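Here's the structure, in structure tokens; my notes come after.
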Amino acid sequence: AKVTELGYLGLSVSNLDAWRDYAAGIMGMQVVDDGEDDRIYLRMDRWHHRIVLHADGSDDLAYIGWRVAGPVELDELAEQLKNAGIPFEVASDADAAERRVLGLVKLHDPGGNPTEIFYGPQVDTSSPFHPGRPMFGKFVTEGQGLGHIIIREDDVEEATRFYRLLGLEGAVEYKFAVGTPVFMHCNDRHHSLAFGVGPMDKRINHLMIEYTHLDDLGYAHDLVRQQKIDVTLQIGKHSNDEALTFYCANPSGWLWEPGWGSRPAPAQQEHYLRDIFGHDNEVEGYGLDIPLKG
Amino acid sequence: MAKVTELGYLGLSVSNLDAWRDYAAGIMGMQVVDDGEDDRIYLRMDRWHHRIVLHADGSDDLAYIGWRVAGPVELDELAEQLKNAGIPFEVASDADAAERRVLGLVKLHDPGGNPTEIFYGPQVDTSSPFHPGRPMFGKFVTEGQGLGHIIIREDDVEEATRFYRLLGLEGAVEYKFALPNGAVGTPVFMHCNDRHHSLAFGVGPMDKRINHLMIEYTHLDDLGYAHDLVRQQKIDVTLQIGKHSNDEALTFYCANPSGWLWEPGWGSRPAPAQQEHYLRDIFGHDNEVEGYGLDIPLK
Amino acid sequence: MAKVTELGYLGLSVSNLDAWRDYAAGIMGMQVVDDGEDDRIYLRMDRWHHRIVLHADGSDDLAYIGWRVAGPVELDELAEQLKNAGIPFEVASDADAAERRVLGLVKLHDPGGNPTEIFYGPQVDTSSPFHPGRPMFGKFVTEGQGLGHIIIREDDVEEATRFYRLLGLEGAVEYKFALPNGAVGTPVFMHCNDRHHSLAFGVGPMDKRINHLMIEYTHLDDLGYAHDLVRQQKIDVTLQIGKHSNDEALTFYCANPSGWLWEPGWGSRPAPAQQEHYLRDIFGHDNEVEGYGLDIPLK
Amino acid sequence: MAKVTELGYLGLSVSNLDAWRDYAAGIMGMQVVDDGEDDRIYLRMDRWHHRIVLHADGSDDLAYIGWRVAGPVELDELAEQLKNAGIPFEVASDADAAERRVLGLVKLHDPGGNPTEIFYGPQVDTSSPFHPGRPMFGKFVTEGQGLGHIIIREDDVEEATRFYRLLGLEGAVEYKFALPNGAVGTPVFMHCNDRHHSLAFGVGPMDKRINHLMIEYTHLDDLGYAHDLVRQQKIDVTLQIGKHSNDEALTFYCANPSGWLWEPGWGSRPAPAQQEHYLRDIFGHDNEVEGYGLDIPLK
Amino acid sequence: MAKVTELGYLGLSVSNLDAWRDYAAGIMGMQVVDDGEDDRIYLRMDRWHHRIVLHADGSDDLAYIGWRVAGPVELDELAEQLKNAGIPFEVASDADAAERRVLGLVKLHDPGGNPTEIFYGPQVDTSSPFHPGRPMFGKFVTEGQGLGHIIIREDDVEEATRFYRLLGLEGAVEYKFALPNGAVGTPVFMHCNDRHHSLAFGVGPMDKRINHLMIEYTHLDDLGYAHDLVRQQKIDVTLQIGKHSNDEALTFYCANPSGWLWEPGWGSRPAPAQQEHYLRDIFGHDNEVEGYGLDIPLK
Amino acid sequence: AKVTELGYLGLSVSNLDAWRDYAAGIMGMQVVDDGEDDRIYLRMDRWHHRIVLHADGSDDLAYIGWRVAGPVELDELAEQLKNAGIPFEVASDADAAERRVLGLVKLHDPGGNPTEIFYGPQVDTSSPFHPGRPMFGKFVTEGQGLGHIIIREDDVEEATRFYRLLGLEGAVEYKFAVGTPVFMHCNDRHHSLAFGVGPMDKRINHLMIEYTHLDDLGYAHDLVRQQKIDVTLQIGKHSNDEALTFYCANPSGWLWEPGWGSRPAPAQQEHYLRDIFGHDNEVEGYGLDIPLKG
Ligand SMILES: Cc1cccc(O)c1O
Ligand SMILES: Cc1cccc(O)c1O
Ligand SMILES: [Fe+3]
Ligand SMILES: [Fe+3]
Ligand SMILES: [Fe+3]
Ligand SMILES: [Fe+3]
Ligand SMILES: [Fe+3]
Ligand SMILES: [Fe+3]
């Protein structure tokens with residue numbers, strides 16, 4: 001049994017209103033507020049949510065939620081964790097209910113990042129996805145999770161082994177001292193996870209979100225520029241995912257990467273030396289201060 | 001040769017703008033578009049700037065019907081056909097065209113006295129994507145099919161049929177109903193594209209220019225959503241959910257803020273290549289709230 | 001320009017209604033439709049109210065042939081073509097049209113004296129789905145292809161060909177057979193849609209207006225079912241199962257209650273885009289019970 | 001309006017029937033058909049009774065070219081076009097048509113004096129399937145494309161082009177070659193269906209009515225089989241395997257028993273929608289055995 | 001009836017051949033073709049010998065526009081239409097046609113005085129496959145769509161529209177822009193195939209015959225490659241990457257060696273079946289380096 | 001875990017310039033020169049290279065590179081090798097980097113042919129394949145490797161067993177003393193490997209390369225004839241792969257077989273007695289001096 005997608009993220013944020021303006025107003029996510037005094041939700045599709053924003057006063061990643069197919073698969077993964085000697089907690093019904101899931105296992109990755117494994121997310125079919133700004137299309141999420149993340153790992157090799165145990169597959173995909181970032185996938189999304197990208201001052205570097213329609217990316221890009229939000233890498237294409245993407249600052253001081261047209265991960269491992277086109281460095285200091293093309 | 005290609009727009013006279021916004025956007029899912037005109041707003045269903053203009057003039061009826069042609073050459077040909085038939089028409093100026101948000105325009109009347117417009121080059125607001133007035137599972141069916149269809153008043157069914165044939169619509173009688181006096185009601189339905197029909201008439205006496213407008217969702221769940229809302233808001237349903245034998249669409253008929261009917265629907269089939277007629281509907285469409293001009297027994 | 005689009009219906013004169021029900025429904029799978037008319041019943045093959053009218057008048061022959069056109073404009077054009085050719089015709093009233101269960105109708109005769117009708121707008125009973133008179137694996141092939149095809153009497157093959165070309169059918173000679181006196185039999189086959197042919201003639205002397213009617217099943221197993229029943233009920237088979245080289249359909253020819261032939265079939269190919277002719281059949285169609293006008297050696 | 005639809009057949013005058021059987025059946029894979037006529041046999045390539053008639057008359061050239069039309073109405077229209085152009089023609093009797101194994105026929109000559117026939121209704125022998133004169137991996141390409149294509153003698157290229165345009169073929173110059181005197185050779189190629197061309201001319205002086213016939217296999221391996229046999233039997237190859245830039249077909253050119261050329265091929269592309277021209281071939285087609293009228297340098 | 005089928009070629013007057021090679025091949029990916037002519041070279045984009053002729057004559061503007069028709073019959077018909085409209089034209093000789101590398105040619109001028117050519121039978125160099133002047137991920141989009149599109153000078157928009165309609169192009173106004181004096185700019189766009197447009201004009205005052213040429217890549221990555229190079233080589237970009245609402249193509253506008261604009265692009269949609277108009281672009285196309293005649297605010 | 005393709009070849013050559021003229025100028029490969037004093041590269045697709053030419057002064061095969069999906073699969077194959085008792089070396093990072101791969105195992109086949117197993121080839125997406133002469137199309141390589149090779153085996157049965165362990169599948173496909181050549185596949189390419197073809201005076205007999213477009217083969221064939229390069233077998237079709245191919249000499253004195261339209265290997269083993277058509281013997285002495293048709 002393997003994890004099947006990157007189901008949700010929990011984020012600790014200092015400014016909820018700024019996040020609504022950003023994630024809804026620009027990116028097109030739907031804000032969902034169920035009356036909880038300490039959190040709101042960002043929705044991207046049928047699921048009740050893909051992102052939880054905790055009114056916490058911090059500005060980093062809080063937890064990463066990996067999906068499995070069902071209770072049997074969860075138990076099998078948990079049995080594997082026990083076998084390998086990795087500490088985990090079987091969460092209570094009320095903890096599962098908090099995350100809007102039926103079953104939950106809580107643990108950590110070798111870099112100490114809070115990691116949860118779940119099945120049975122809450123799906124709000126009866127209330128159709130309604131975007132925070134006008135959208136030409138939708139988000140790419142069905143069977144692919146909410147997007148992908150680059151996270152902090154002090155031991156790249158331990159992290160690779162850990163995620164392989166969860167069922168992710170991948171290896172080093174770039175050679176840039178040589179920087180050799182590792183990219184991993186668990187479904188049709190080129191990668192759900194990456195790490196080993198040099199020094200990070202937060203647990204998360206970026207989250208990439210994917211539009212179905214190129215025009216929604218153009219819409220988002222125009223707005224980011226109109227609102228003078230920092231762009232760290234201009235519109236371009238990485239050699240690995242071949243997606244058209246840009247990297248811009250979010251209210252928490254790390255990066256979101258709106259994009260379009262990502263390909264599936266190759267059946268067999270490849271590596272690259274540089275990006276295809278674009279991705280010119282602009283505003284430095286967000287952890288992506290490397291020449292991606294040369 | 002040149003023919004009308006779709007029912008492009010409707011201009012409506014309304015007495016209450018606030019109720020219409022609540023109704024057309026809040027229930028039906030249309031997008032309200034306000035360009036700051038002191039006397040009008042618009043309802044948008046797709047890429048086009050609008051499909052419906054609401055004129056806040058205090059009346060509650062149809063103001064004008066806009067039929068689309070492919071281009072200026074086609075308009076010119078149609079106008080020439082009108083001139084040959086001795087049908088009076090107005091060639092709109094650039095300011096008249098700009099008003100309707102079109103490139104070129106001809107204004108006239110059908111035989112029933114319904115203001116009729118023929119135009120090309122709708123304004124399309126590609127840059128600001130359609131954003132529904134309530135959450136939607138899908139979209140509206142409009143592309144190459146126009147906004148929907150309408151039943152309108154015709155005192156002379158045959159003259160109306162001849163007129164619309166000249167415009168390029170095709171059709172004939174699709175139903176035969178038994179009337180009280182031993183006469184037969186024989187409503188005419190006409191099409192100019194893949195939409196089963198864009199136009200119907202000959203349903204008997206009407207106190208308004210328009211009986212109903214039918215609008216179509218791509219997704220069944222949007223019909224369910226709209227139906228649940230109509231029922232919740234205690235809005236009159238004249239005909240319950242069902243299917244006519246002609247379009248085979250799943251639809252209901254309900255009151256709008258102007259006292260006539262809208263018919264939200266789903267799954268409309270294309271017009272058959274060859275003329276057919278029917279004596280009844282397939283299922284549902286049971287009569288409920290009476291007095292909207294569709295009190296006839298459909299089964 | 002306007003052309004007949006399919007063989008829509010046949011009116012038949014019969015002497016025994018009870019035997020025809022047993023035969024057409026009980027064996028063939030057609031649906032019996034009785035509207036309470038004292039002198040007639042109907043056989044239904046699909047969505048249409050009927051494809052065949054049985055007139056219980058005591059005769060046993062064809063009464064009329066109904067050819068479909070797309071609509072009233074097309075009918076009008078065809079009528080104009082008849083008037084130009086100096087062919088006499090009757091424009092049916094609304095009551096005449098209602099009788100045939102159509103919207104509009106023209107009545108005339110072909111050159112062989114066969115009563116011929118041209119109509120638009122068949123009554124379709126969508127609300128009560130086709131329900132076969134015996135269990136069926138599939139359905140009949142009719143959609144855009146009419147009820148099947150017929151071989152009819154023509155004393156003048158060339159005049160008949162010219163007449164039917166005017167109607168919009170296309171075709172020519174498809175077989176050449178050697179006759180006893182050194183002459184050649186050259187039957188003409190004609191089509192107006194995807195059905196290989198709707199009409200054939202020039203098969204020589206006939207004592208009735210009609211030689212056969214061919215009906216087509218969607219599913220081979222329905223042909224097998226019907227064939228097994230015909231054999232069980234000891235009904236005369238004039239030509240055993242086989243295939244003509246023209247339509248390439250798997251068919252047999254058997255007696256009906258009126259003493260002429262029905263040809264149940266399956267897998268009929270479309271008419272070739274360009275004219276072809278043949279000297280024999282592919283396989284089977286061996287002569288069995290003689291005296292039904294098809295005693296010719298097909299191989 | 002009406003146009004020729006394919007190159008249907010060729011009649012050939014031959015001096016040696018035995019060698020032609022050995023060649024066309026034994027190497028090429030055609031089916032020999034002998035109906036017991038004392039003076040002729042046939043070569044069959046598909047469902048049709050034949051594509052080629054061999055007249056054992058002692059000459060070694062083309063006897064006649066048969067172009068197909070869809071039917072008798074189309075023939076009539078073409079004949080009317082010939083009469084309007086003041087082109088003399090013969091309307092064949094039923095016995096003349098029977099000879100060619102067709103339903104209707106018109107006989108005339110092209111401007112180069114090549115006997116030209118226009119016909120409808122080929123005899124198709126569906127009942128006895130095509131059986132090749134040597135084992136075949138596949139079949140011939142003929143359906144809706146005729147037997148292949150031919151290069152024929154024309155003393156007046158422009159008159160020939162005008163004549164064939166009247167017949168309904170389309171085309172123009174497809175190559176420009178540099179000639180010794182500073183002139184340019186500009187061969188014309190023409191098509192009437194999906195076959196890149198059915199006809200070409202203007203290749204300069206010819207001592208026979210026909211330069212070559214091209215025949216196409218469905219399967220590459222049949223070309224390989226035929227090529228291996230030609231080489232084994234020491235039959236002259238004038239142009240080795242290669243590809244012309246126009247049809248992009250993989251072909252070679254070899255001698256037949258009458259001293260002219262057959263061009264077995266595979267993978268012919270359809271004629272481009274719009275006229276193109278070329279200055280050379282793609283690959284191969286290197287000159288080998290000279291003196292068959294194609295000694296020109298193709299690259 | 002007969003119509004132009006694509007924008008086939010452009011002849012350009014240039015002052016610097018070396019810079020144009022560097023630009024069109026080294027950046028854009030076109031193939032340089034040098035046939036040893038002392039005064040000209042060619043740029044190739046596909047199978048055709050060339051799409052663009054560069055005349056090293058010291059000027060820096062458009063020299064001629066070549067529109068394609070399907071064949072000699074179509075050319076003849078178009079010429080007849082020009083003669084009927086009282087439009088003067090030159091029927092090119094075989095040497096004139098050979099110069100342009102075509103089979104037949106007509107030379108004239110549009111109402112703006114732009115030299116306009118109508119031709120059939122381009123020379124296609126199938127034997128030497130397209131080999132780009134820089135490494136390419138894909139190819140150019142040209143097949144049945146011509147080389148791209150152009151904006152050209154027209155002092156009389158209406159006369160220009162009428163002229164091009166006669167040629168067989170279709171279109172009308174696609175944008176309305178607000179001008180400083182309260183007037184409206186209304187550029188006309190026209191198409192003759194699946195390319196959204198081949199031609200546009202009415203963008204106001206121009207100091208050259210041509211404002212821009214748009215060329216389309218099959219693969220997005222080639223646009224990225226070309227864009228990266230333009231930026232690296234410090235070549236002026238007048239409009240940044242973006243999308244017009246009409247063609248919905250992803251494009252940028254940059255300077256060429258002659259001081260006018262090329263617009264490399266990707267993902268152009270087909271022209272809508274029916275006329276549409278817009279008030280702004282979708283995204284990007286922000287004004288950068290000014291003074292190339294496109295300083296207008298597109299959003 | 002199985003090998004997935006014949007990823008690359010290393011060739012020892014005496015004349016680099018003659019190889020550029022031949023492989024680029026005629027065949028359409030792309031020459032890649034990264035400044036190494038002792039080697040250049042032949043490229044056929046997205047990959048940095050498919051062939052390495054070592055300026056060595058020899059004229060034979062140097063090494064055969066077999067691809068696996070990733071590091072896990074490499075380790076599993078290596079564990080299988082250890083189990084069967086076959087000697088192998090886990091190559092250093094710098095050895096892996098030399099071959100432009102992420103991970104490498106070096107060994108030999110039973111015939112002593114140098115054999116490498118790898119994952120993660122260098123892919124140069126940003127610099128599109130640009131052919132050494134004009135091409136109508138491209139090479140068939142995606143998921144099929146660079147082509148196929150016939151190599152020297154003194155023990156056919158041991159070689160068959162060895163390659164089965166690597167994951168190749170096949171058996172004798174021809175019966176021509178009876179010559180019974182063995183053909184083996186690991187993907188959609190009819191075969192990647194063959195052996196048991198009689199006496200060989202080099203380690204490699206031929207390499208077959210496949211064009212997508214028939215016209216590129218005609219182009220190559222014309223040039224081979226124009227340049228008077230020895231053709232040993234004329235244009236023809238083998239019964240097994242049913243590809244249209246010819247066999248011609250290369251600057252190293254063995255053979256390249258340009259071809260088109262190869263079919264996939266049958267699901268089930270077949271054998272043949274002769275070729276379909278063509279392949280007539282021409283210039284003898286290249287190790288293919290047999291009557292293939294009779
Ligand atoms: C930031 C970054 C750099 C290189 C490759 C990637 O996939 C990526 O996300
Ligand atoms: C040389 C050779 C001979 C026979 C079969 C083959 O596949 C082959 O490559
Ligand atoms: Fe990323
Ligand atoms: Fe309705
Ligand atoms: Fe029959
Ligand atoms: Fe030829
Ligand atoms: Fe443009
Ligand atoms: Fe081989």
Side-chain angles (χ1 to χ4, degrees), chain A residues 147-150 170 172-176 179-184 190-191 193-198 205-208 232-233 236-243 245-247 255 257 259 262 265 271-276 279 286-290 292, chain D residues 148-151 174 187 189 195-200 203 211-216 239 242-244 246-247 249 251-253 261-265 268 281 285 294 298, chain E residues 148-151 174 187 189 195-200 203 211-216 239 242-244 246-247 249 251-253 261-265 268 281 285 294 298:
Chain A
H148 73 241
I149 59 178
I150 288 195
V172 168
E173 289 189 344
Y174 275 90
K175 287 173 81 172
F176 288 120
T180 46
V182 172
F183 293 83
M184 309 188 74
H190 181 279
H191 58 103
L193 178 69
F195 47 82
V197 295
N205 174 79
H206 80 265
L207 161 68
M208 110 71 55
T232 75
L233 299 175
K237 262 191 185 160
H238 292 309
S239 286
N240 62 338
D241 57 11
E242 300 195 9
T245 80
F246 72 99
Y247 292 74
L255 297 169
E257 177 197 7
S262 190
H271 82 266
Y272 320 95
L273 266 48
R274 51 159 291 178
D275 278 13
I276 300 165
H279 283 334
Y286 288 88
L288 292 174
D289 296 348
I290 58 153
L292 275 160
Chain D
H149 73 245
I150 55 178
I151 286 190
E174 286 191 344
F189 295 74
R195 190 180 297 285
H196 174 89
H197 57 106
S198 304
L199 182 60
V203 295
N211 173 72
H212 80 269
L213 165 64
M214 182 282 186
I215 63 183
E216 188 183 356
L239 298 165
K243 280 201 184 166
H244 300 295
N246 62 347
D247 54 17
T251 79
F252 69 101
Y253 290 75
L261 300 175
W262 276 21
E263 186 203 351
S268 198
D281 280 4
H285 282 336
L294 289 171
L298 282 161
Chain E
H149 73 245
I150 55 178
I151 286 190
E174 286 191 344
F189 295 74
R195 190 180 297 285
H196 174 89
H197 57 106
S198 304
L199 182 60
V203 295
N211 173 72
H212 80 269
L213 165 64
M214 182 282 186
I215 63 183
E216 188 183 356
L239 298 165
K243 280 201 184 166
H244 300 295
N246 62 347
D247 54 17
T251 79
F252 69 101
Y253 290 75
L261 300 175
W262 276 21
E263 186 203 351
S268 198
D281 280 4
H285 282 336
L294 289 171
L298 282 161

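Note that ligands are numbered from 1 as they come in the structure, with each ligand's atoms numbered from 1 the same way. A note on names: the letters A, B, ... follow the listed sequences, proteins ahead of strands, and every chain is numbered from 1.
A side-chain N or O of D:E174 and one of D:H196 form a donor-acceptor pair less than 3.5 Å apart. A donor-acceptor pair shorter than 3.5 Å cannot be found between the side chains of E:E216 and E:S268. Residues A:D275 and A:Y174 have side chains that bring a donor and an acceptor to within less than 3.5 angstrom of each other.
Ring geometry for E:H285 against E:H244 counts as tilted: the plane angle lies between 30° and 60°, on a 0 to 90° scale.
Atom-to-atom distance recorded for A:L255:CG and A:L207:CG is 10.5 Å, nearest 0.5 angstrom. If you take CZ on D:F189 and NE2 on D:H149, they are separated by 7.5 Å, rounding to the nearest 0.5 Å.
Distances from the Fe ion (ligand 6) show that D:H244 has no N/O/S atom below 2.8 Å. Taking 2.8 Å as the threshold, E:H212 counts as a candidate ligand of the Fe ion (ligand 7), since one of its N, O or S atoms lies below it. Not one N, O or S atom of E:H197 sits under 2.8 Å from the Fe ion (ligand 7).
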Distance dump, ligand 1 polar atoms to protein, N/O, under 3.5 Å:
| from | atom 1 | to | atom 2 | distance (Å) |
| --- | --- | --- | --- | --- |
| ligand 1 | 7 (O) | A:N240 | OD1 | 3.2 |
| ligand 1 | 7 (O) | A:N240 | ND2 | 2.9 |
| ligand 1 | 9 (O) | A:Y247 | OH | 3.1 |

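In this structure, A:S239 contributes its side chain and A:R274 its backbone to a donor-acceptor pair below 3.5 Å.
Closest approach between the Fe ion (ligand 7) and any N/O/S atom of E:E263 involves OE1.
A side-chain contact (heavy atoms from CB on, under 4.5 Å) with A:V197 is found for exactly one of A:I150, A:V182, A:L288, A:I290, namely A:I150.
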